[PDB]
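File shown here: run.txt, holding compact mmCIF, N, CA and C atoms.
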```txt
# COMPACT_ATOMS: atom_id res chain seq x y z
N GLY A 1 237.50 182.37 66.79
CA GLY A 1 238.79 183.06 66.58
C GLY A 1 239.91 182.10 66.21
N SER A 2 241.11 182.64 66.03
CA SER A 2 242.27 181.82 65.68
C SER A 2 243.19 181.64 66.87
N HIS A 3 243.82 182.73 67.31
CA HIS A 3 244.73 182.69 68.44
C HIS A 3 245.90 181.75 68.18
N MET A 4 246.75 181.57 69.18
CA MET A 4 247.91 180.70 69.06
C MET A 4 247.50 179.23 69.17
N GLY A 5 246.69 178.92 70.18
CA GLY A 5 246.24 177.56 70.38
C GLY A 5 246.96 176.87 71.52
N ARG A 6 247.01 177.54 72.67
CA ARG A 6 247.67 176.99 73.85
C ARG A 6 246.93 177.38 75.13
N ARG A 7 245.66 177.74 74.99
CA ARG A 7 244.85 178.13 76.14
C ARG A 7 244.52 176.92 77.01
N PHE A 8 244.32 175.77 76.38
CA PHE A 8 244.00 174.55 77.10
C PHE A 8 245.19 174.07 77.93
N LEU A 9 246.39 174.26 77.39
CA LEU A 9 247.61 173.85 78.09
C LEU A 9 247.82 174.67 79.36
N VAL A 10 247.43 175.94 79.31
CA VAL A 10 247.59 176.83 80.45
C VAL A 10 246.80 176.32 81.66
N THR A 11 245.59 175.82 81.41
CA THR A 11 244.73 175.31 82.47
C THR A 11 245.34 174.09 83.15
N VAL A 12 245.78 173.13 82.34
CA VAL A 12 246.37 171.91 82.85
C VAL A 12 247.67 172.20 83.59
N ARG A 13 248.45 173.13 83.06
CA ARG A 13 249.73 173.49 83.67
C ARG A 13 249.54 174.00 85.09
N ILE A 14 248.42 174.69 85.33
CA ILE A 14 248.12 175.22 86.65
C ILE A 14 247.69 174.11 87.61
N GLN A 15 247.03 173.10 87.06
CA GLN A 15 246.56 171.97 87.87
C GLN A 15 247.73 171.10 88.31
N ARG A 16 248.71 170.94 87.43
CA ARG A 16 249.89 170.13 87.73
C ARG A 16 250.62 170.67 88.95
N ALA A 17 250.56 171.98 89.14
CA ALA A 17 251.22 172.62 90.27
C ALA A 17 250.30 172.72 91.48
N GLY A 18 249.00 172.51 91.26
CA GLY A 18 248.04 172.58 92.35
C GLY A 18 248.36 171.62 93.47
N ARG A 19 247.60 170.54 93.56
CA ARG A 19 247.80 169.54 94.61
C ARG A 19 248.80 168.48 94.15
N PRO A 20 249.62 167.95 95.09
CA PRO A 20 250.62 166.92 94.77
C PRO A 20 249.99 165.65 94.23
N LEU A 21 249.20 165.00 95.06
CA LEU A 21 248.52 163.76 94.68
C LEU A 21 247.29 164.06 93.83
N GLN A 22 247.31 163.58 92.59
CA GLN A 22 246.19 163.79 91.67
C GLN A 22 246.47 163.14 90.32
N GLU A 23 247.71 163.23 89.87
CA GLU A 23 248.11 162.66 88.59
C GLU A 23 247.89 161.15 88.59
N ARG A 24 248.03 160.53 89.76
CA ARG A 24 247.84 159.09 89.89
C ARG A 24 246.43 158.68 89.48
N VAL A 25 245.46 159.52 89.82
CA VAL A 25 244.07 159.25 89.49
C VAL A 25 243.83 159.34 87.99
N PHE A 26 244.51 160.28 87.34
CA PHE A 26 244.38 160.46 85.90
C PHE A 26 244.95 159.26 85.15
N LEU A 27 246.07 158.75 85.64
CA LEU A 27 246.71 157.60 85.02
C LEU A 27 245.79 156.39 85.04
N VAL A 28 245.05 156.24 86.14
CA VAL A 28 244.12 155.12 86.28
C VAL A 28 243.07 155.15 85.18
N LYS A 29 242.48 156.32 84.97
CA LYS A 29 241.46 156.50 83.95
C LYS A 29 242.07 156.41 82.55
N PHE A 30 243.27 156.98 82.41
CA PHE A 30 243.97 156.97 81.13
C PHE A 30 244.37 155.55 80.74
N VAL A 31 244.94 154.82 81.70
CA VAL A 31 245.37 153.45 81.46
C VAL A 31 244.17 152.53 81.25
N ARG A 32 243.09 152.80 81.98
CA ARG A 32 241.87 152.00 81.88
C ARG A 32 241.35 151.98 80.44
N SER A 33 241.59 153.07 79.72
CA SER A 33 241.15 153.18 78.33
C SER A 33 242.26 153.74 77.45
N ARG A 34 243.27 152.91 77.18
CA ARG A 34 244.39 153.32 76.35
C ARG A 34 244.13 153.02 74.88
N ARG A 35 244.09 154.06 74.07
CA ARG A 35 243.84 153.91 72.64
C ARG A 35 244.46 155.06 71.85
N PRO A 36 245.12 154.76 70.72
CA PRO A 36 245.75 155.79 69.88
C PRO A 36 244.73 156.62 69.12
N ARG A 37 245.21 157.63 68.40
CA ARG A 37 244.34 158.51 67.63
C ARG A 37 244.91 158.74 66.23
N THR A 38 244.02 158.86 65.25
CA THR A 38 244.43 159.09 63.87
C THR A 38 243.68 160.27 63.26
N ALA A 39 244.35 161.00 62.38
CA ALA A 39 243.74 162.15 61.72
C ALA A 39 242.60 161.73 60.82
N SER A 40 241.76 162.69 60.44
CA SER A 40 240.62 162.42 59.57
C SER A 40 240.46 163.51 58.52
```
Once more with this new file: its structure as structure tokens, please.
Amino acid sequence: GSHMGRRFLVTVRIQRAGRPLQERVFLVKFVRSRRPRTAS
């Protein structure tokens, strides 16, 4: 299908409000592998 394209954001938005401590863990994994992205 097409849709708007914001279904993935809805899931993450709910997690951000879930538990307080958690974003710190994501930063660790994100920082551990920091790399930009380019279109193809």
Rounded to one decimal place, report the atom CA of residue A:11-atom N of residue A:28 distance in Å.
-> 19.4 Å
Could you state the separation of atom CA of residue A:17 and atom C of residue A:34 in Å, given to one decimal place?
->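 Going from atom CA of residue A:17 over to atom C of residue A:34, I get 25.9 Å.
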Give the padded box for stretch 8-22 of chain A as JSON: axis-aligned, covering all atoms listed in the file, 4 Å on each side, centre and edge lengths in Å to one decimal.
```
{"center_x": 247.6, "center_y": 170.0, "center_z": 85.7, "size_x": 15.2, "size_y": 21.7, "size_z": 26.7}
```
To one decimal in Å, tell me the separation between atom CA of residue A:26 and atom CA of residue A:12.
->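 For atom CA of residue A:26 relative to atom CA of residue A:12, the distance reads 12.0 Å.
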